[PDB]
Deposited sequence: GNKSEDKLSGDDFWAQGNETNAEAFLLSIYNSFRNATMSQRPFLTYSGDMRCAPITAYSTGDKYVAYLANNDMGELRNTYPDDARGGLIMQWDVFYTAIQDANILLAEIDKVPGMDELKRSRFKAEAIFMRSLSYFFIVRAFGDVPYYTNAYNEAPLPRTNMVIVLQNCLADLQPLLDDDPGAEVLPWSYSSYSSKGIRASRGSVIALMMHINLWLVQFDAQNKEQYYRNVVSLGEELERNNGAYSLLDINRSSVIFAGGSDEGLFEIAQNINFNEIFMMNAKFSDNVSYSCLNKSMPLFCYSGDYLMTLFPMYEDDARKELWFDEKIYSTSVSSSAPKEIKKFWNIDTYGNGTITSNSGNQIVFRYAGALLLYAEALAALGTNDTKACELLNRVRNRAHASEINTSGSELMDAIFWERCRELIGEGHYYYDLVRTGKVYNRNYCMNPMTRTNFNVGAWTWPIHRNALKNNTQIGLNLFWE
């Protein structure tokens, strides 16, 4: 009925409910993205020890996180994949039913299908990164499917979106409407996701890593056919990047304060690392000054130092009396009854600087063109007014890893980059590492909440936490 007697407008509303569910899973009903991607194994300390989840995340004490916060948005909810599966199941429905909509525009029909496939793939990717093996279905009780299979099947679903649409008509490179720009899947969204999926396959299906890296290079070459749709904004216009809808964004989760589409405060990295614009005496947490002295060396130029951090960047104080904040994302606004957020912007899931660094990373790992890898890296270095890098081999691979840590701080990549590179168990790259043995038995995953077992009797838990 909804479909067979529907129309483009109702099909689009249904598609937008898929985006809504993904937003709920990541930002609006759970602080999933920032807990799982920024905070976990990060060298961070709470200003108030009563905020126990900060240390638990820092220390990978995920079992104590689940005992202290069993059901709520500081732990247990994040351990539930239910909201991502709402997105997945609605994508499955749209794909099964949309051909029934009488006489709608066929370009729009093809676009909505492409967007639904993208969002399904993005949801599966996000839950694989958090949970490991996950139940896999595309039919509108199943066991957990091998994460390598899930990732490979996602890649297979996404590839045709590029190959069948050589003109970027069904998914354009970018949208000119503010109602779509950054927040509806584009060709660039698809490319970035595929690069991430390949790089996860490098870690977890390593026997085929040469092919996955080659895939990322291929994807980079395609990204660079965007003909000026994407660009790196000036570093002094950083707030324009993080507001959302900029020419640097590749995929973003929409926030719209005026329309009551508001992320949880605790879900927004910015709101956890700011105080002066929020009428608070200190933020939720801060980064080690030693870490930031490593990350942003004091004797080398880098405009991110001045523009993204306050003057206490290197402070080793974790004192209430001497707080420090990160100002990278500031786009301050108020809503409801006087509630202030430091970041009214979209959450930037993938952006062009990140994708250029992934392209560089893959090239450097293949060892086939270190000069081009440097060129890519240096586009990001030059935008930050940091020194150009001219190196090769292991030094180049390290440079690109550390550059992603500098460039993407607070955007939900830190922990996940550590996992997919194996650096999460290496003290040379992570201040709060886990052990390699613990990694090998699944200590990089989140616990799976018992609610997942009610919903599906064929599900085994993540046993490191059991």
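- In this chain, the deposited residues that lack C-alpha positions fall in the ranges 1-11, 152-155.
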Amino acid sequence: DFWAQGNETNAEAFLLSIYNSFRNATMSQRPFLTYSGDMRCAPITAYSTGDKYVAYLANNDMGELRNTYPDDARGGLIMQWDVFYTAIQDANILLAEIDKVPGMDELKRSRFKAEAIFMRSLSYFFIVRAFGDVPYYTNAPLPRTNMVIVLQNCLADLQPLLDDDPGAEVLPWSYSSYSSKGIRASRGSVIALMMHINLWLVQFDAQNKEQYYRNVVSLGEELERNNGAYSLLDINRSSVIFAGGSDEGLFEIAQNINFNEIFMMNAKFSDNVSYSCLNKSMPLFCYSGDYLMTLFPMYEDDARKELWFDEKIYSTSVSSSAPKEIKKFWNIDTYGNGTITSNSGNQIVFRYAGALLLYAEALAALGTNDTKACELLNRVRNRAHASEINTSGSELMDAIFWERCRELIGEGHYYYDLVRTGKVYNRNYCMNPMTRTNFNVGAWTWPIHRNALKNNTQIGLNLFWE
From here on, numbers count along this sequence of modelled residues.
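- As the entry records it, the average C-alpha temperature factor is higher for 258-266, out of 258-266 and 236-244.
- The stretch 393-401 shows the higher mean C-alpha B-factor when 34-42 is compared against 393-401 in the entry.
- When the C-alpha B factors of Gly249, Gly345, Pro166, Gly132 are read from the deposited coordinates, the top value falls at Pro166.
- Within the selection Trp308, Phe204, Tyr291, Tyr124, the deposited Cα B-factor values reach their highest point at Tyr291.
- The deposited CA B-factor of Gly50 belongs to the highest third of values across its chain.
- When all modelled residues of the chain are sorted by CA temperature factor, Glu361 is found within the lowest third.
- Annotation for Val380: CA B-factor lies in the lowest third of the chain's modelled residues.
- Compared with the other modelled residues of the chain, the Cα B-factor recorded for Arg23 ranks in the lowest third.
- In the deposited entry, the Cα temperature factor of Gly182 places it in the lowest third of its chain's modelled residues.
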